[PDB]
Amino acid sequence: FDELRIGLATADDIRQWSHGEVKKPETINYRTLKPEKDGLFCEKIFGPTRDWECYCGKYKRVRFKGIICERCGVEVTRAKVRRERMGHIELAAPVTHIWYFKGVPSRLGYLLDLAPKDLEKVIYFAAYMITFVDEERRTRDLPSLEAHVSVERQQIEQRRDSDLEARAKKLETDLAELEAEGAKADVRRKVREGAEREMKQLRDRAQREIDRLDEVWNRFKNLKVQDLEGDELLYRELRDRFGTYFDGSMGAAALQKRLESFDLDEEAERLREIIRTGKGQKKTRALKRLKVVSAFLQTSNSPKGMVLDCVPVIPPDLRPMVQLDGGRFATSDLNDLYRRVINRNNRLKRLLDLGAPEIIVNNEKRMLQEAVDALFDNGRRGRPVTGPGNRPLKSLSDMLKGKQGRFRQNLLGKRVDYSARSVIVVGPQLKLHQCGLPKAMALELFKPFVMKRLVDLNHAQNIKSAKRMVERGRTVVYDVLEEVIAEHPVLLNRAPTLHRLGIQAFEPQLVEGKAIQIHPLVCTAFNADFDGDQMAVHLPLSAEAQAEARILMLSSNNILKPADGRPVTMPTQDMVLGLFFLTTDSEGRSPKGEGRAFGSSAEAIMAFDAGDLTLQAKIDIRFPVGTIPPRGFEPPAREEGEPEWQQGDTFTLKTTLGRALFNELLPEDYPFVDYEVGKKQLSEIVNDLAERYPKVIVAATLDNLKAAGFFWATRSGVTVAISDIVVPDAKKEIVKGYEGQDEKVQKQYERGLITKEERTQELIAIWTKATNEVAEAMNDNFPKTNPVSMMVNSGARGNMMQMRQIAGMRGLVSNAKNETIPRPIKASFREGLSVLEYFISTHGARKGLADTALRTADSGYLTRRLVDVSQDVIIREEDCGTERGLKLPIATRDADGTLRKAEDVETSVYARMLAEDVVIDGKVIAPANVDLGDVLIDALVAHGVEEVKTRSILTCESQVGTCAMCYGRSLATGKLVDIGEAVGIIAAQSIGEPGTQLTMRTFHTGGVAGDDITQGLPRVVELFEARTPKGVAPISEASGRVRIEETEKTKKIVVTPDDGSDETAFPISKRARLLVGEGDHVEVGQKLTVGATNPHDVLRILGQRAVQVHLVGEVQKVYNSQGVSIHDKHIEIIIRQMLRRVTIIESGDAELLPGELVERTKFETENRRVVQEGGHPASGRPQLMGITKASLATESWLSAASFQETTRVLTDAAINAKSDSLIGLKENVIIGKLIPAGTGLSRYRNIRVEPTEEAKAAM
DNA sequence: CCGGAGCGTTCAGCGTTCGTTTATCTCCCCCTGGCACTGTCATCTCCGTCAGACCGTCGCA
DNA sequence: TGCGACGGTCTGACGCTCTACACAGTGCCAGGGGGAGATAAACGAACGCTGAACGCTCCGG
Ligand SMILES: [Mg+2]
Ligand SMILES: [Zn+2]
Ligand SMILES: [Zn+2]
């Protein structure tokens, strides 16, 4: 598996694959139910349907396998041969391929200079095509044919003159005889009128035949190859008049004959000549066509695959006709399509056997062509073939395309064995590495292991007896099951699996019931509530799989979230409330025994059990030797005339008993914490523990925190009664005053002194004031003791706006189609809404539900696009030799006389490395190539630095992939990233995970459309897809004088740069709201109008670093407006994948086409190649493209095919005959090999393991 | 004190019975061919995606 | 040729199981060729009958 090739398949290859001809449309016999001979499903062509048997019934045994039966020809072998053995159909008339005709010009190619409508007219038998003309023979005898035509014209004119003379004589004769007879008074006038009517009719006939001769003559005089004529009567006239001069044809045979005489190299030369001298859209034409001609010139694939003579067939087991219970049959649609193809081909053969008219033959040929096209693509042209009358008939290309195709439903995602699924329940008795599997589910997963152990422990005689015991379910089987599942990890997995931690390895443990017991401490890593949530369990099977489960996937090793490096395995519902209650202050709770000395924590616990001491009471408590004092305890000390060190020995501290118990949970080496914990302080404590302590200690400490959090949340006394939710007493008088002034405004409006829009605006303004003020009143009324505030102020669960709309009034609520009702909801959920208030609240609720459904769908789509563009980005080197980096701001927004560090330094500068040392006073502050943390950044900002040159992934120049040092330390593990970690996939998952968490939509348009830019997740998609924004703000090209032009039809802006530069003019709509002065000084940096800048021009006029900063900052301010934090390197990986290409111009010396996508590495290699030859290099402008366009424009066609476009990329690969190296992860998942990342690298699989000499000597 | 008779086992004459084929005689399946007043253009699709892009196409300028 | 715009074309439109189903209006027979099954015979084989015949222990007058 060095690589995988693809190309056009000629008739020879199709015949070589085939084991025979499918000469009959019959599939199976209706009585014997055996496949027919020499047709579809035939055993002679496709192999035996039985095992080692054959059609005629002879040769039943297995011994004489691999022989050809003389009676029927069926080779005796296995039935699975029918999954690999194919045949072919020979066509009576050649037909074209529907992928290449009727497609994109990158796919059709315009190989022959014909329009797509012209190709349609020629191949579907509506117009003849002149494939060959003897041009030199036609031009050599021009005087002879001209003389013949002149002779024909002369004799025609002589006949016309003789006829005119005879007609005149007849007219004179009849006039004379009817004027001599005198039958009527004016019969001579009537006969003269009839005669002249005859004269004009014959003159019309003469002029129409003269025009016919003239038009056929000028049709022959302008006759070239690839010239069509719609009128078959006209072509018949040319054939009957002119012979052996021009060769004509009709249908796909005309294209085949044209491709027989096609001379592609001279056409390529002519297109290159037009490239040298050409303008306009034809230029682009002269570009695109040339590319496809090059695709037929450089590679070895002949264009004989353009039109096909033989049709391959699927092996019959991949288009099965299976028996169904009740005597029915289930048949694939490809059997119907193939049957139609053979039917039409056989009918065409029968028509060609005997004498048939050309119209019937051409009609049957067109039917055969349409049958082949519907076989390859049903529904590409016209109405799709339906069948029973309900749904379109599935074709060959419809299972290589879309969600139902082979690439996405059967290769990337597959069903698995040794897997199960059950609902989850919380088990607090479990450790962090444990999960509770039911008896039946674990017995079914570990069935062969249980059978082997039963055989080994001689409880069963053999495998069959062990299987019978397992199926019966005896108690010794369950004892064996308990013995087996130990030390054998299983992978728990929740279905949405947005990010990396959706699959985690746990040690299984037998539990009762039928539900999986999961640890609470890990649930939010899975985003798993216990409303109802089925989790799947997969079984790592070999030593490698369960080794990776134990080492890489263990749930106790995944404390930190890979998105931003913050801890994720500290859920907050009940444990944080308990720890907060334990560690909170004595505010609002009656402290008994406050301010009394205690000898030890045990005595304080005894006093608490006695009841004369409460948990929250400032007491003077002594601590034994080995207890580390708080970090703030060091500057104070005990007063003594002798030297003392309270860092290692006993000390007294003024604290509550709850803090003493909480620090009993924490390790003895950890410094004492003397503050209210809650949630955020718990986050910094857990982050410090994960940073400074080993994994097992961290797992034990989170287990202790979990256990004591549950324990003290039980005794915290939190509950909900109707007296626990309190409406403010001020709310009644405040809403009374606001209704009084609202009644005053309304009775003022009834006189018409104010418009309704102004009244609505002031009403929503004053009611927003009222709801903010009553929120303030509620936030003043609450005590620190009631459970609802105790669980919203502790970060446990809840938000302040939920308490605002539970205790105080709901506030302004959006109406349908996104405006606000002027009348608010004055009732709290405790008081109960009225009927109409409930209705207008349902207006917003249903919108929210629909919005979050579509938002999570779009987030999944964005995640898929990001993963497919960001793959094949793997740390492949330990370090670069580089010292180039990114200049990031470290301290900003400084006041007078002080310096403040950056607000978002955690996701911008942290977890990176310095490209070079930093010195301010001649001494180094921080070394080079070290991770940045709190203390180092604090030292930098204290010593007085304003910017830091840090080593980023955008500036990485490595020969393969990116290095570990330029990427920086990994955020999932907190250490330096290993060589082989897929950083692109981690980056894509981290970007796409909070897409459903954003929950953003424009509140109100304000009555104007287009004034507001896209916000939320669609803004992120627009940013990553390189699309021009909805509100575009043009950027000035150069510094100069800017002025406005207020033309009535459309506004206009004109800026003239100084230093003789050319003036640039931008058109602006009348609804502009710009911010630049009229006739003022402007430069490149600022924007002329207000809106969202287009990143393409930002790349164009400012540079690649400026547009990198722009994109990173834009996506980070979209994400930061909600509150989600994502590190900058995750964005920068995709941004580097975004700027990887270049658009080339004046490429007359680099010997390739101009104005197309070129990779940076290939362009640079071509630049060295052309400067080593001495020629001047071509020009190249960096091109910023979407993630979809960067995904499709990839070297490997397997990854391109498995992505969105599935038919066009395969045609393009077939024309280009491109073979893909099997590097990358999608085309290694597809083929089944190891991915080239992580444990699948070559540098990890080449180690050899043997024991040491002393270990052998010991035993 | 061998001699004969009865008994055990083992083979050559012709005498019948099997093991496996063969052509002829009913019953059925399956494919090609005949019908002679005249009778010479069907068929319903497809709408309250959807969101914007990519692209060629095309008449106006 | 540049212009918008007109239009067709094309693509996907988070994830799983618990659940999970099936699918409907217009002819008819005669003459002839093959192979499935029943028939009665046939050339060759071996299958039995004929006890005879060789040789042994044998009780023996
Ligand atoms: Mg749930
Ligand atoms: Zn056979
Ligand atoms: Zn590097």
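Scoring A:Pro571 on the criteria (1) more than 30 Å from A:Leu657 (Cβ to Cβ); (2) outside any helix (DSSP H, G or I) leaves a single failure, condition (1). Look at segment A:633-651: where a residue is surrounded by 10 or more Cβ atoms within 10 Å (Cβ to Cβ) and a partner is among the charged types (D, E, K, R), sitting 6+ places away or on another chain with Cβ atoms under 7 Å, you get A:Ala637/A:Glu644; A:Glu644/A:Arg638; A:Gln646/A:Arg638; A:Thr650/A:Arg622.
Restricting segment A:518-556 to residues that are surrounded by fewer than 21 Cβ atoms within 10 Å (Cβ to Cβ), of a type in the set (S, T, N, Q) and closer than 30 Å to A:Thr907 by Cβ, the residue that is farthest from ligand 2 (Cβ to nearest atom) is A:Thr524.
Selection within segment A:55-90: residues that are more than 16 Å from DNA strand B (Cβ to nearest atom) and hydroxyl-bearing (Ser, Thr, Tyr). The member of this set that is nearest to A:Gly20 (Cα to Cα) is A:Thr77. Would you confirm, using the coordinates I've provided, whether A:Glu482 is of a type in the set (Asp, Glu) and either over 30 Å from A:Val867 (Cβ atoms) or touching a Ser or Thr at 6+ places or on another chain (Cβ under 7 Å) (or both)? Considered against the rule, which asks whether it is of a type in the set (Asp, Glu) and either over 30 Å from A:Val867 (Cβ atoms) or touching a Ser or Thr at 6+ places or on another chain (Cβ under 7 Å) (or both), A:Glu482 comes out as yes. Looking across segment A:1216-1243, the residues that are in a helix (DSSP H, G or I), farther than 26 Å from A:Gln404 by Cβ and either within 16 Å of DNA strand B (Cβ to nearest atom) or touching a helix residue (DSSP H, G or I) at 6+ places or on another chain (Cβ under 9 Å) (or both) come down to A:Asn1216, A:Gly1238, A:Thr1239, A:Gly1240.
When restricted to residues that are surrounded by 15 or more Cβ atoms within 10 Å (Cβ to Cβ) and among the β-branched types (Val, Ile, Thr), segment A:238-263 contains 0.
Within segment A:1013-1056, the set of residues being assigned to a loop (DSSP other than H, G, I, E, B), within 13 Å of DNA strand B (Cβ to nearest atom) and not β-branched (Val, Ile, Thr) comprises A:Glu1025, A:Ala1026, A:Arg1027, A:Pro1029, A:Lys1030, A:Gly1031. State yes or no: is A:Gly578 more than 16 Å from ligand 2 (Cβ to nearest atom) and closer than 26 Å to A:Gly717 by Cα? Spelling it out, A:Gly578 is indeed more than 16 Å from ligand 2 (Cβ to nearest atom) and closer than 26 Å to A:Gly717 by Cα.
State whether one or more residues within segment A:516-533 are in a strand (DSSP E or B) and more than 16 Å from ligand 1 (Cβ to nearest atom). Within segment A:516-533, one or more residues are in a strand (DSSP E or B) and more than 16 Å from ligand 1 (Cβ to nearest atom). From the list A:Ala254, A:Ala268, the one residue that fits, being part of a helix (DSSP H, G or I) and under 30 Å from A:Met86 (Cα atoms), is A:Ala254. Say whether the condition of being assigned to a helix (DSSP H, G or I), within 16 Å of DNA strand C (Cβ to nearest atom) and of a type in the set (A, V, I, L, M, F, W, C) is met by at least one residue in segment A:839-850. Taking every residue of segment A:839-850 in turn, at least one turns out to be assigned to a helix (DSSP H, G or I), within 16 Å of DNA strand C (Cβ to nearest atom) and of a type in the set (A, V, I, L, M, F, W, C).
Matching residues to (1) part of a loop (DSSP other than H, G, I, E, B); (2) touching a helix residue (DSSP H, G or I) at 6+ places or on another chain (Cβ under 6 Å); (3) in contact (Cβ under 8 Å) with a residue 40 or more places away in the chain:
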| residue | (1), (2), (3) |
| --- | --- |
| A:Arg15 | no, no, yes |
| A:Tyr30 | yes, no, no |
| A:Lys44 | no, no, no |
| A:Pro48 | yes, no, no |
| A:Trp52 | yes, no, no |
| A:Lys58 | yes, no, no |
| A:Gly66 | yes, no, no |
| A:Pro94 | no, yes, yes |
| A:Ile98 | yes, yes, yes |
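Tallying residues that are in a helix (DSSP H, G or I), within 20 Å of A:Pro671 (Cα to Cα) and without any contact (Cβ under 8 Å) to a residue 60 or more places away in the chain within segment A:598-632 yields 3. Filtering A:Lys117, A:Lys102, A:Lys80 for residues that are assigned to a helix (DSSP H, G or I) and within 16 Å of DNA strand C (Cβ to nearest atom) leaves a single hit, A:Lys117. Counting only strands (runs of 3 or more DSSP E) that fall entirely inside segment A:867-985 and contain at least 1 residues that are surrounded by fewer than 20 Cβ atoms within 10 Å (Cβ to Cβ), within 26 Å of the chain's Cα centre (by Cα) and away from DNA strand B (no atom under 16 Å from the Cβ), the qualifying elements are A:875-877. Among residues of segment A:78-90 that are closer than 18 Å to A:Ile342 by Cβ, those with a Cβ under 6 angstrom from a residue that is among the hydroxyl-bearing types (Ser, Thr, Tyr), sequence gap 6+ or separate chain, pair up as A:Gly87/A:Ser18; A:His88/A:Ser18.
Summed over segment A:946-963, residues that are closer than 11 Å to A:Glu877 by Cβ and within 8 Å of ligand 3 (Cβ to nearest atom) total 5. The listed residues are A:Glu507, A:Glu482, and the only one of them that is among the acidic types (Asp, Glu), in a strand (DSSP E or B) and under 29 Å from A:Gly532 (Cα atoms) turns out to be A:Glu507. Considering only residues that are closer than 22 Å to A:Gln1116 by Cα, within 16 Å of ligand 3 (Cβ to nearest atom) and small (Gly, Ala, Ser), which ones fall in segment A:875-905? Selection gives A:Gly885 alone. One residue alone among A:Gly7, A:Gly20, A:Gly73 is more than 16 Å from ligand 1 (Cβ to nearest atom), surrounded by fewer than 18 Cβ atoms within 10 Å (Cβ to Cβ), closer than 26 Å to A:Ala253 by Cβ and not hydrophobic (A, V, I, L, M, F, W, C), and that residue is A:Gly20. Has segment A:23-30 got at least one residue that is within 12 Å of A:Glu75 (Cβ to Cβ) and more than 16 Å from DNA strand C (Cβ to nearest atom)? Scanning segment A:23-30 turns up no residue that is within 12 Å of A:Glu75 (Cβ to Cβ) and more than 16 Å from DNA strand C (Cβ to nearest atom).
Looking at A:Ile1144, is it surrounded by 14 or more Cβ atoms within 10 Å (Cβ to Cβ) and under 21 Å from the mean Cα position of the chain (by Cα)? Against the criterion (surrounded by 14 or more Cβ atoms within 10 Å (Cβ to Cβ) and under 21 Å from the mean Cα position of the chain (by Cα)), A:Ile1144 does not qualify. So is A:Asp118 within 16 Å of DNA strand B (Cβ to nearest atom), touching a residue at least 40 places away in the same chain (Cβ under 8 Å) and touching a strand residue (DSSP E or B) at 6+ places or on another chain (Cβ under 8 Å) or not? Criteria met by A:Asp118.
Going by what's in this entry, would A:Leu491 be described as aliphatic (A, V, I, L, M), within 16 Å of DNA strand C (Cβ to nearest atom) and touching a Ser or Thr at 6+ places or on another chain (Cβ under 8 Å)? In short, no. Taking segment A:160-176, which residues are surrounded by 14 or more Cβ atoms within 10 Å (Cβ to Cβ) and of a type in the set (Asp, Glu)? Matches in segment A:160-176: A:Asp174 only.
Where residues in segment A:723-738 are free of Cβ contacts under 8 Å to residues at least 60 places away in the same chain and surrounded by 13 or more Cβ atoms within 10 Å (Cβ to Cβ), which of them is farthest from A:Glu762 (Cα to Cα)? By that ranking, first place goes to A:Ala730. If only one of A:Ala1033, A:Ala1065 is within 16 Å of DNA strand C (Cβ to nearest atom) and either among the small types (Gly, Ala, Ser) or more than 30 Å from A:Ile1131 (Cα to Cα) (or both), which one is it? Criteria check complete, one pass: A:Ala1065.
As a convention, Cβ positions derive from the backbone with ideal geometry for all residues, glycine included, and neighbour counts pool all protein chains shown. Readers should treat all values here as calculations from the given coordinates under stated rules, not as data from a laboratory.
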